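Chains as they are written, first to last, in PDB author numbering: chain 6, 1 to 38; chain G, 2 to 170; chain D, 3 to 209; chain J, 2 to 142.
Each residue gets a CB set at the ideal place from its N, CA and C atoms; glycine is no exception.
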RNA sequence: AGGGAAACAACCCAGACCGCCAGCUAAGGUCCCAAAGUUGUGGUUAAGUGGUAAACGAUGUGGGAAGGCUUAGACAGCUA
RNA sequence: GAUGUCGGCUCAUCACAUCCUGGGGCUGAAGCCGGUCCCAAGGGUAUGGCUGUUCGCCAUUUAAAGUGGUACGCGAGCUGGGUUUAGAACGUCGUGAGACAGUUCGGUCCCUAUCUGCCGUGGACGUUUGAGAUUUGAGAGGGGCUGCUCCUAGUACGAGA
RNA sequence: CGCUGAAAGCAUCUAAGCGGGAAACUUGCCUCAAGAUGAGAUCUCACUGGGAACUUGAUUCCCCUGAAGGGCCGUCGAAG
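Below, the structure is given as structure tokens:
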């Protein structure tokens with residue numbers, strides 16, 4: 001995870017999810033583009 | 002298009018029980034599937050099964066779709082034996098308990114509940130068989146966190162696919 | 003379940019290999035069941051016992067009638083033992099036989115009354131200096147609290163007074179010897195209290 | 002001069018509230034209203050002209066929204082650091098009647114009269130109460 | 001001075017001659033502490049937001065304008 | 001018509017922006033190590049040489065020697081080394097009395113606790129007739145740390161180390 | 001870190017529904033604890049006499065009777 005105040009889709013495989021009230025990003029390619037809240 | 006208006010198309014070997022509020026699915030190769038169908042839901046009958054909502058909400062719009070999905074894999078698991086081929090290192094299957102020594106000093110023994118069953122078709126592999134995909138996927142995940150896949154050389158228990166992120170140092 | 007005895011002082015045992023094991027010897031005159039408290043009639047499961055010999059003129063009529071329901075003819079004190087699932091009739095006699103050797107055990111008595119201790123003896127405080135200019139206060143506590151926030155002393159502040167006869171349990175003491183012919187437990191180590199104080203010996207809570 | 006109720010000749014009744022899916026504070030406000038005696042024309046503010054309230058199913062009481070996992074209950078033990086909390090659902094597992102008592106207690110006055118009115122509230126846990134001799138009748142059916 | 005803003009010279013309403021177990025209002029209010037709507041109609045809001053707050057970041061949701069992709073068969077998913 | 005400094009001692013108490021110990025994610029993380037970021041405040045969290053020191057610099061340890069609030073916590077608990085009244089001296093300034101981005105030796109720390117607080121320990125009354133004993137536990141407090149050698153195994157991993 | 005899973009034919013730990021998960025939290029361990037005025041519970045013991053006035057939870061007064069037990073006191077304590 002990577003905690004910001006501004007999560008973005010860093011590449012094309014990134015996907016933004018509201019999970020449990022948190023704006024997370026899941027990446028199917030690289031787990032370094034996983035990022036927590038924003 | 003949306004999935005709740007896609008009918009179930011159950012085969013002949015699924016003898017259901019309409020009860021008004023909750024569905025009860027019986028059949029051969031597994032049975033006894035009960036599900037408390039929610040309040041915002043319609044369960045009607047024909048030659049095939051199909052679902053519709055009750056009221057103009059965005060909460061029940063997700064619920065009718067998940068109810069069609071739950072009864073889809075519920076019916077097709079009453080019909081067929083839901084599987085998973087987890088590939089690991091060393092599997093001494095013996096009975097209702099599973100025995101595997103994943104690189105520690107102790108071989109951690111894993112027991113299997115009612116429903117599920119695991120087999121030993123090869124040397125490095127586990128095939129699972131169960132009637133609901135919920136518990137099939139749950140016991141596959143419960144095997145998986147015994148040892149997650151190390152990227153570098155590659156050790157642990159995997160899935161059937163190969164999308165494991167490998168790195169070189 | 004446990005047993006009630008009195009502390010007869012400490013002794014020693016040499017083993018044959020040559021280690022001296024420190025031993026307190028708990029003399030257990032055999033304990034006599036007076037009630038059996040059942041959850042139906044009392045709310046919980048327990049057993050009352052007695053350990054011997056009060057005078058007749060020191061047993062009151064209420065106490066003598068309680069000791070005469072159970073045909074026990076009974077003595078100093080009455081103690082209680084919470085039970086899980088054990089059945090005792092109200093005349094039974096539990097002895098040292100419920101202990102083997104090995105057999106880790108918890109022993110509770112009343113500690114020796116130190117009278118009114120100071121903060122050095124009661125709470126292991128440091129003394130201030132004895133010579134380097136120090137005025138009258140060489141052994142007193144230091145400050146109590148902080149200045150105006152909070153402007154009062156916090157509760158549970160460690161101060162002085164009565165290191166006394168509180169109940170103390172000493173747990174996981176090994177049983178060296180169960181001597182049932184003259185009714186003795188020999189117990190590895192120290193036990194709270196003076197010689198002849200009442201002491202309660204029941205199996206270990208941390209097993 | 003106006004009427005004053007006087008504590009010798011006050012009439013009291015016994016009542017059973019069935020808290021089997023009632024909102025917590027909307028139940029508590031009618032309970033506290035009836036403990037003070039606000040529903041009686043003989044209301045005098047310095048005498049308790051209230052009724053005895055029995056509440057039976059006090060773990061079936063219900064909070065709305067997310068107040069079940071939320072809604073902390075606090076108490077300070079008196080020692081430093083000794084703040085202590087419990088949420089709604091672990092309190093309704095531990096002591097279920099304490100919920101519907103600290104709701105009604107906070108809505109009563111902070112007086113010796115509020116204590117005397119709180120003594121007339123008898124909340125219980127199951128579907129029964131040990132008060133069949135006082136013969137309570139059901140309200141807000 | 002009084003009433004309101006929990007408490008609060010200077011903020012709001014209002015300027016106390018005295019008595020009344022009379023009425024109507026202002027500010028502010030009307031579930032219980034605590035006087036008065038658990039009032040009515042139509043919505044919004046799921047955070048306890050209300051009941052602390054900025055750059056910026058979010059398929060959170062309501063509304064209103066517009067474009068083209070719109071069955072010769074579109075936006076992601078199977079038979080060269 | 002007085003709220004008596006800096007430091008040390010003694011005793012603390014809270015926060016968490018976590019120093020150790022615990023749980024994770026990513027990695028330019030092969031492993032021993034790490035880097036960073038989350039979660040976590042339960043318990044722990046040096047002794048000294050120098051200087052009045054806080055700090056700092058060293059010496060040697062530790063698993064670690066956390067950062068802060070509390071009248072820069074704490075003198076009706078102690079000290080009184082520094083600043084610091086009156087004495088004296090040096091350098092400097094001033095004709096001088098004297099003075100100091102200054103140094104230097106010397107130099108009185110009062111209180112028997114009424115009330116709140118806190119640690120103990122009783123006396124009264126009440127608990128619905130009274131009594132001797134034994135109790136349940138709503139609640140509250142304490143406790144909670146950690147190192148090393150070995151045992152699978154010089155194995156898994158790594159060309160090797 | 002997830003299973004199943006839609007809204008959004010897919011994918012997604014989540015929106016329903018189910019799991020793992022830390023010295024934190026609640027127990028477990030020790031001690032105090034019914035002044036817990038919500039004053040709880042057990043076992044056992046003790047008391048089984050008349051009359052008058054005035055007001056009839058009835059109180060007051062007189063006579064008799066003072067039990068279970070508690071205390072004062074004494075000899076003391078590894079208790080103070």
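Problem - Residue nearest to residue 19 (chain G) in terms of C-alpha spacing, selected from 164 (chain G), 155 (chain G), 123 (chain G), 72 (chain G) - result: Locating residue 19 (chain G) in the second chain gives position 18, where the first residue counts as 1. The residue from 164 (chain G), 155 (chain G), 123 (chain G), 72 (chain G) with its alpha-carbon nearest to that of residue 19 (chain G) is 72 (chain G).
Exercise for the section: Check the Cβ of residue 81 (chain J) against every Cβ in chain D and list those closer than 8 Å, keeping chain order. Expected result: As a first step, residue 81 (chain J) is located in the fourth chain; it is residue number 80 there, counting from the start. For residue 81 (chain J), the C-beta contacts it makes with chain D under 8 Å involve 156, 157, 158, in order along the chain.
Practice task
State the CB to CB distance for the pair residue 4 (chain G) and residue 70 (chain G), rounded to an integer number of angstroms; the pair is presumed to be in contact (CB under 8 Å).
Solution key: For the purposes of this step, residue 4 (chain G) is identified with residue 3 of the second chain, where counting begins at 1. For the purposes of this step, residue 70 (chain G) is identified with residue 69 of the second chain, where counting begins at 1. About 7 Å separates the CB atoms of residue 4 (chain G) and residue 70 (chain G); that is less than 8 Å, so the two are in contact.
Handout entry: Of the listed residues 112 (chain G), 109 (chain G), 128 (chain G), 67 (chain G), nearest to residue 43 (chain G) (C-alpha basis)
Key = For the purposes of this step, residue 43 (chain G) is identified with residue 42 of the second chain, where counting begins at 1. Comparing Cα-Cα distances from residue 43 (chain G) to each of 112 (chain G), 109 (chain G), 128 (chain G), 67 (chain G), the minimum goes to 67 (chain G).
Exercise for the section: Check the DSSP bridge columns for residue 29 (chain D) and list the partner residues they point to. Expected result: Translated into positions along the third chain, residue 29 (chain D) becomes position 27. BP columns for residue 29 (chain D) point to 8 (chain D), 186 (chain D).
Practice task
Give me whichever residues DSSP pairs with residue 101 (chain G) in a beta bridge.
Solution key: Here the question's residue 101 (chain G) lines up with position 100 in the second chain. For residue 101 (chain G), the pairing in a beta bridge is given by DSSP as 109 (chain G).
Exercise for the section: May I ask you to report which of helix, strand or coil DSSP gives residue 130 (chain J)? Expected result: Walking along the fourth chain from the start, residue 130 (chain J) turns up at place 129. Of the three classes helix, strand and coil, the one that applies to residue 130 (chain J) here is coil, per DSSP.
Exercise for the section: My understanding is that residue 110 (chain D) touches residue 185 (chain D), with C-beta atoms under 8 Å, so please give their C-beta distance in whole angstroms. Expected result: Here residue 110 (chain D) refers to the residue found at position 108 when the third chain is read from its first residue. Here residue 185 (chain D) refers to the residue found at position 183 when the third chain is read from its first residue. Cβ atoms of residue 110 (chain D) and residue 185 (chain D) stay farther apart than 8 Å, at about 19 Å.
Practice task
With a cut-off of 8 Å on the beta carbons, I'd call residue 100 (chain J) and residue 92 (chain J) a contact; round off their distance for me.
Solution key: For this step, residue 100 (chain J) is matched to residue 99 along the fourth chain. For this step, residue 92 (chain J) is matched to residue 91 along the fourth chain. For residue 100 (chain J) against residue 92 (chain J), the beta-carbon gap comes to about 6 Å, under 8 Å, which counts as contact.
Practice task
In the DSSP assignment, find the unbroken beta strand (DSSP E) run with residue 52 (chain G) in it and report its ends.
Solution key: As a position in the second chain, residue 52 (chain G) is number 51, starting the count at 1. Counting along the chain, the beta strand (DSSP E) containing residue 52 (chain G) begins and ends at 51-53.
Problem - Three CB pairs or more closer than 8 Å across the region 14-29 of chain J and the region 57-69 of chain J - result: Contact between the region 14-29 of chain J and the region 57-69 of chain J is present: 3 or more CB-CB pairs across the two stretches fall below 8 Å.
Exercise for the section: Provide the residue span of the beta strand (DSSP E) that contains residue 205 (chain D), from first to last. Expected result: Looking up residue 205 (chain D) in the third chain gives position 203. Residues 200-205.
Exercise for the section: Give me the Cα-Cα distance between residue 74 (chain D) and residue 56 (chain D), rounded to the nearest whole angstrom. Expected result: The sequence position of residue 74 (chain D) within the third chain is 72, counting from 1. The sequence position of residue 56 (chain D) within the third chain is 54, counting from 1. If you take the alpha carbons of residue 74 (chain D) and residue 56 (chain D), they lie about 12 Å apart.
Problem - Cutoff 6 Å; reference residue 127 (chain D); Cβ partners in own chain excluding five residues on either side - result: To locate residue 127 (chain D), count along the third chain from 1; it is residue 125. Result list for residue 127 (chain D): 121, in chain order.
Handout entry: Contact test: residue 27 (chain G) Cβ vs the ligand NAD heavy atom, cutoff 7 Å
Key = Of ligands this structure carries none, so the ligand NAD is not represented either.
Exercise for the section: Answer with buried or exposed for residue 3 (chain 6), where buried requires no fewer than 16 other C-beta atoms within 10 angstroms of its C-beta. Expected result: Sequence index remark: in the first chain, residue 3 (chain 6) carries index 3 (1-based). Residue 3 (chain 6) comes out exposed.
Handout entry: Own chain residues within Cβ distance below 8 Å of residue 6 (chain 6), not counting five before or after
Key = Position 6 of the first chain holds residue 6 (chain 6). Non-local C-beta neighbours of residue 6 (chain 6) in its own chain, meaning closer than 8 Å and more than five positions away in sequence, comprise 38, ordered along the chain.
Handout entry: Secondary structure of residue 34 (chain J), DSSP reduced to three states
Key = The residue given as residue 34 (chain J) occupies position 33 in the fourth chain. In the structure shown, residue 34 (chain J) sits in a helix (DSSP, three-state: H, G or I).
Exercise for the section: Pull up the distance between the alpha-carbon of residue 8 (chain D) and that of residue 33 (chain D), whole angstroms please. Expected result: Walking along the third chain from the start, residue 8 (chain D) turns up at place 6. Walking along the third chain from the start, residue 33 (chain D) turns up at place 31. Using only the alpha carbons, I get a separation of about 12 Å.
Practice task
Give me the Cα-Cα distance between residue 38 (chain J) and residue 113 (chain J), rounded to the nearest whole angstrom.
Solution key: Residue 38 (chain J) sits at position 37 when you count from the first residue of the fourth chain. Residue 113 (chain J) sits at position 112 when you count from the first residue of the fourth chain. Straight-line spacing of the CA atoms in residue 38 (chain J) and residue 113 (chain J) works out to 15 Å.
Handout entry: Inter-stretch contact at 8 Å, needing at least 3 Cβ pairs: the region 35-52 of chain J / the region 74-92 of chain J
Key = The answer is no - the region 74-92 of chain J does not touch the region 35-52 of chain J, with fewer than three Cβ pairs under 8 Å.
Handout entry: Rounded straight-line distance, which links the Cα of residue 5 (chain J) to that of residue 15 (chain J)
Key = Here residue 15 (chain J) is taken as the residue at index 14 of the fourth chain, counted from 1. Here residue 5 (chain J) is taken as the residue at index 4 of the fourth chain, counted from 1. Looking at the two C-alpha atoms, the distance is approximately 23 Å.
Problem - Per-residue DSSP class, three states only, for residue 40 (chain J) - result: If you number the fourth chain from 1, residue 40 (chain J) lands on position 39. Under the three-state reduction of DSSP, residue 40 (chain J) is assigned to coil, being neither helix nor strand.
Problem - Burial state of residue 155 (chain D) (16 or more Cβ within 10 Å) - result: Residue numbering aside, residue 155 (chain D) sits at position 153 when the third chain is read from its first letter. Under a 10 Å Cβ-count criterion, residue 155 (chain D) is classified as exposed, with fewer than 16 other Cβ atoms of the shown protein chains found around its own Cβ.
Practice task
Could you give the DSSP three-state label for residue 123 (chain J): helix, strand or coil?
Solution key: On the fourth chain, position 122 is the one that residue 123 (chain J) refers to. Strand at residue 123 (chain J).
Practice task
Quick one: give me the first and last residue of the alpha helix (DSSP H) that residue 158 (chain J) is part of.
Solution key: The shown model of chain J, from 2 to 142, leaves out residue 158 (chain J), and the question about it has no answer.
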